[PDB]
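Q: Right, I'll just put the structure down here and ask away after.
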Amino acid sequence: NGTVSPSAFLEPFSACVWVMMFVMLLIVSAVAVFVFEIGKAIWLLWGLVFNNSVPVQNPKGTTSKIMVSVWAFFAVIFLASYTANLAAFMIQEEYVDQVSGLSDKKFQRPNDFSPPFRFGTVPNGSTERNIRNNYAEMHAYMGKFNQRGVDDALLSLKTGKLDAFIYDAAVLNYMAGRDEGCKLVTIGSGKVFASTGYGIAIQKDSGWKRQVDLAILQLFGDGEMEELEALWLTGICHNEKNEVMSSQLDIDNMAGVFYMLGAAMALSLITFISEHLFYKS
Amino acid sequence: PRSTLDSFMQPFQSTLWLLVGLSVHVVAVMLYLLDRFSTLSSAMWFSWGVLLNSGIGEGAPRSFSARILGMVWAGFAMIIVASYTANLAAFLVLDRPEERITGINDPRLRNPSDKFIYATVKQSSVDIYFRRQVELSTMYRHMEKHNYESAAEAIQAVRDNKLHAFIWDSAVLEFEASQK
Amino acid sequence: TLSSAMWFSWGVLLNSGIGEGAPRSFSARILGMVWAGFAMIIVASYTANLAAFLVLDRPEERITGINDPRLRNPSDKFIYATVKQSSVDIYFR
Amino acid sequence: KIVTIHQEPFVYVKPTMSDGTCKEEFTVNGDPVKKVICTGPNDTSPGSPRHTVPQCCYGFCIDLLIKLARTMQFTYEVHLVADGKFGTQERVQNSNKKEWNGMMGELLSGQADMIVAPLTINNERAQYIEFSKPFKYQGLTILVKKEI
Amino acid sequence: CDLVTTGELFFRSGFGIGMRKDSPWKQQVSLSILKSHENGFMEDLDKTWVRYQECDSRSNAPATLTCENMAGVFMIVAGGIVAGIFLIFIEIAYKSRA
Ligand SMILES: *[C@@H]1O[C@H](CO)[C@@H](O[C@@H]2O[C@H](CO)[C@@H](O)[C@H](O)[C@H]2NC(C)=O)[C@H](O)[C@H]1NC(C)=O
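Chains as they are written, first to last, in the deposited numbering: chain A, 542 to 578, 602 to 845; chain B, 568 to 605, 623 to 764; chain C, 623 to 715; chain D, 420 to 567; chain E, 765 to 862.
Right, here's the structure in full:
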C-alpha cells in the first residue's frame, strides 16, 4: 500500500504560490488599514485561508468588506487548488517501496533496520555463484534464508514468510506474468545485476559453434523470436506505466504532516516563552 | 464489484483517527497552556469545533503567537479536509484490476492450466473451426475434456462457477449476459 | 435588510461570512436556503471543474511500435526512416 | 588497430586544445575522466577533402577498450571510418563481385584489427567477422517530438 | 526533454567487439567482458555515462503546478484591492457629502 505522499503534493500544486500567499496576504493586511479610514487582518483573511474559524467580527468597512470579498474569491479559488491537489493524489502513484538496487544500501546491512529483513535465493545459483563475488556478507547472512524450489518460495512471499527474492530476470518476468492475481513484480523497471543471457552451449572445441551461431542469428533474421515470446513470454500483468491505486486512505506520511503541525506548535511554545521574556522591558 | 460505501470508516485508518482526536485535545491543552502561562474549557471547545469547522464561535485565542499556533492548527484542519477529499478520490476512481479474458490471444488460454477452464459445446461447429489448424492443436488437444452438450448448460455451469469460460458465437452470448 | 440583503446573498455565494443578519420571512428564508444549496452546487461545480483541470490528459501520441497502422501504410503525412546504409536497414532488407 | 565512428552515446569527438591536448575534466561522480587521442577527418560531408587530424575522443566504448588494455596489455591506435556510416554489402559498378565498405570494410581489407562500436549483431557479418558475448543489450525503437 | 522512446521494444540485439574472421583474440576478449559483467563494472559504466538523467522520465505526468494560474487569480485580487482603494475613496466622498 501507499504511496509516499506526505501532503506536500499539495505544495506541488502550489510551491512558491504559498510564498505569494504570505506576501500578498501581508498586502491585504496593508489593505485593512488602507480601506480602514492589526492582527484583526490576520484572523480575517487568514480566516479566509480556509473555512471560517476565528469568531472575530467582520470589519464594518463597506469597501473593506468588499476587499474581504476579494480575498473570498481568492479563498474559494484556493480550496479549488487543493481540490486539484487531491486530484494529484488521484493519479501520481510512485509504486515504489523497497526497490533500491543490487548493491544498494537498504539491503547492504541486514541487521541495520529494526524489523528483521530477509531475502535470498536457491542454492547453487548461477546468479548466486556471481552473488558470492558481489559481496561475501550477503551470501553469508542469506544462507539462513536459502530455499528449495521456486514455487513454494513465491508462496512464501505472497504469504509473507520472506520479504523479497533473488534470481535471474527470466522467471521474474515470466512468473511475473502468470499469477492468480496481479501482485508481485521485480524491484524497479527491471534494472538487472549481472548483464547476461540464455543461449545454448555445446561440446567445447567444436566447429558446430559458428553454425548454430549463424542459425539463431537467422532466428532473429525472420524475427520469429517475436512469435516465440508471443507463445510464451507474453504477460497479462504489469504494464507498470499504469500506477494502479490504493484505498482505505491509510496515510502515515500525511500523519507526518500532522507532525509538522505539532512541531510548529512547539516552535510556537519557543517564541511564546520568548515574547513572554520580552515583557520585562 | 467490491467497491462501495464503508462510510465514515473508509476514508482513513483507525490510527489516523487516533491522531486527529487525541492530538486534537493535545494541541487544545497546548492552547490552554498558552493561556495560563502569561477561555479554558472554551478553548478546547474552540479548537475542537475548529477541526469541526462548524462555527461554535465562542471566542478566540488572545496570545498573538499562540493565535498563530492555532492558525497553523486550522491550516492542518484544512489539510484534514483535503485528506478526506483525496480519500474520496480513492473512493471513486481507479477501479480494480483486469478481468483477463483479453481474447483469443490471451496468454491465459495459450497455455492450458488446471487453473482456468475454457471450452465449448461437444461437437461444435466452433470446434470444427478449431479442428484443422496448427496453432490451437495444443488447445483442441486440451478442450475435449470439459465440453458440454448444450451451451445453455454452460451458461448454468459458469453461472455456478463450475466453468471459467465458454466458447460460442458472440451474438447469442451478447443476448445472454445482456439478460443476466 | 434592504441593501444588507443583497449583501447577505452576495456574501452567501462568497460563503465568506459577511454575517450582518438573516431573512425574516420563513418561506423566503427557505428560498435563500435553496439558494445557499445552489451555492454549494457552485462550489462542487468548481470541484469537478478542477477534476477536469487535472486528470484525463490529452489523446494518444501514436507511435505504438512496429505494428502501428500509421507506419504500416506510408503517407506523405508522417515520415519515419533511419540512417542511410543502416544495419537496421539490413534487418529491413 | 582499432576503428569506430562518431556516435552520440559513445564516441565524443572534439579537437585538441592547442595540439594533442585534451582538456582534463572530472565527472558529476568526480571521476578522473580517461580519454585518448583519436584520428578521423572532420568533414562528414560527401565529396570533400579527406585529410585527417588527430582530434580528442572520450566515451563509454573507449572505457571498455581501456578495460581490455588493463586486461590484455598491448599497444593500440584508434581511428574512425573513411565514411560517416557503419557499412552495407554491395558490388562494383561493373562485373558485380561481392564487396564491402565501412568499418566492416577496413576490417576485411585489413586496415585495422579492432572495431569498437555499438555493433549490430546480424546473421551476415558473422559469416565473416567473429563475435563475442554481447557487452550490452539494445533493440529497435522509434522517436518523435513530445506532445505539446 | 523534447523526445520520447517508442512504445514497444523489438528486434532483440546487442553489442560485441568487432574482430575479423578467426584470431584467438575472440575468446580472451569476451571472457574478459563476462569478467566485467560478473561485477558492477558495467553498471559503473552507466554511472559514468548512461546514468545521468538530464530530464524527467517518459511520463506524460499525472500533474504538477507552478505559479501561473494563481498569478492571474491573485492578480485580479490585488488589482481589485487597489481598485478598492480607488472606489474606497470615491464612496468615502459620496457618503461623506451624502
Ligand atoms: C546444491 O548443491 C549441493 C552440492 O553442491 C547439494 O548438496 C547435496 O544435498 C543433498 C540433499 O540436500 C545431500 O544429500 C548431499 O549430500 C549434498 N551434497 C553436497 C556435496 O553438499 C544440494 O542438494 C543442492 N541444492 C538442492 C536444492 O538440492
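Backbone N, C-alpha and C fix where the C-beta goes; we use that ideal spot for every residue, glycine too.
Ignoring anything shorter than 3 residues or poking outside the segment 711-788 of chain A, list the beta strand (DSSP E) runs there in chain order.
A: none
Q: Locate the alpha helix (DSSP H) running through A:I568, then write down its first and last residues.
A: 557-577
Q: With contact counted as at least three CB pairs below 8 Å, one residue from each stretch, are the segment 777-785 of chain E and the segment 443-450 of chain D in contact?
A: Between the segment 777-785 of chain E and the segment 443-450 of chain D, the count of C-beta pairs closer than 8 Å stays below three; the two stretches do not touch.
Q: Taking beta-carbon pairs under 7 Å, can you tell me which members of the segment 502-515 of chain D lie near chain C?
A: Taken in chain order, the members of the segment 502-515 of chain D whose beta-carbon sits within less than 7 Å of a beta-carbon on chain C are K504, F505, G506, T507.
Q: Which residues have a Cβ closer than 5 Å to any heavy atom of ligand 1, listed in chain order?
A: A:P687, A:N688, A:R712
Q: Which partner residues of A:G684 appear in the DSSP bridge assignment?
A: A:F729
Q: Look up D:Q474 in the DSSP assignment and give the residues it is bridged to.
A: When beta bridges are read from the DSSP output, D:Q474 appears opposite D:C457.
Q: When you compare only the Cα positions, how much space is there between A:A644 and B:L635?
A: 19 Å
Q: Determine the DSSP secondary structure at E:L767, reduced to helix, strand or coil.
A: strand
Q: Determine the direct distance from the alpha carbon of A:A556 to that of B:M628, and round the result to whole angstroms.
A: Cα to Cα, the separation comes out at about 32 Å.
Q: Less than 8 Å separating the beta-carbons of E:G848 and A:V821?
A: No, these two residues do not count as a Cβ contact at 8 Å.
Q: On a Cα-Cα basis, can you pick out the residue from E:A857, E:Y858, E:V837, E:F853 that is closest to A:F575?
A: Checking every option, the nearest Cα to that of A:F575 belongs to E:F853.
Q: Please list, in chain order, the residues of the segment 807-830 of chain E that have any C-beta partner in chain D closer than 8 Å.
A: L809, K811, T812, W813, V814, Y816, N824
Q: Consult DSSP for A:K805 and reduce its assignment to one of helix, strand or coil.
A: coil
Q: Taking Cβ positions only, does A:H703 come closer than 8 Å to chain B?
A: no
Q: Where does D:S467 sit, in a helix, a strand or coil, going by DSSP?
A: Three-state result, D:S467: coil.
Q: Can you grab the Cα-Cα spacing for the pair A:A648 / E:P826, in whole Å?
A: Spanning the two alpha carbons is a distance of roughly 11 Å.
Q: Is C:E683 helix, strand or coil by DSSP?
A: C:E683: coil per DSSP, three-state reduction.
Q: What residue range is occupied by the uninterrupted beta strand (DSSP E) comprising D:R544?
A: Where D:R544 is concerned, there is no enclosing beta strand (DSSP E), given that its DSSP letter is neither H nor E.
Q: Name the one or two DSSP bridge partners that D:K555 has.
A: D:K555 pairs with E:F779.
Q: Under 7 Å Cβ to Cβ from D:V452, same chain only, skipping five residues before and after it: list those, please.
A: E444, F445, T446, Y477
Q: Would you kindly work out how many angstroms separate the C-alpha atoms of E:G804 and A:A758, rounded to a whole number?
A: 7 Å
Q: For A:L797, name the three-state secondary structure that DSSP assigns.
A: coil
Q: Hey, is A:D777's beta-carbon within less than 8 Å of any beta-carbon in chain B?
A: no
Q: Could you tell me which of A:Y646, A:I606, A:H802, A:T685 sits nearest to A:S720, measuring between CA atoms?
A: A:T685
Q: If you measure beta-carbon to beta-carbon, which residues of the segment 529-547 of chain D are closer than 7 Å to chain A?
A: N541, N542, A545, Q546
Q: Quickly, what does DSSP pair residue 791 of chain B with across the bridge? List them, please.
A: For residue 791 of chain B there is no data in the structure shown, the boundaries of chain B being 568 and 764.
Q: Within the 8 Å Cβ cut-off, does C:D679 reach chain E?
A: It does; some Cβ of chain E falls within 8 Å.
Q: For A:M631, return the contacting residues in chain E, with the cut-off set at a CB-CB distance below 8 Å.
A: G844, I845, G848
Q: Which chain E residues are close to C:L676, counting only those with a beta carbon under 7 Å from its beta carbon?
A: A827
Q: Mapping the DSSP letters down to three states, classify D:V497 as helix, strand or coil.
A: strand
Q: So C:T623 contacts chain A; which residues on that side make the cut at Cβ distance below 7 Å?
A: Neighbours of C:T623 on chain A: none; closest Cβ ~16 Å, over 7 Å.
Q: For chain C, is any of its Cβ atoms less than 8 Å away from the one on D:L483?
A: Not an interface residue.
Q: Thinking C-alpha only, which one of A:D661, A:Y731, A:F681, A:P674 is nearest A:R693?
A: Selected option, being the one with the closest Cα: A:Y731.
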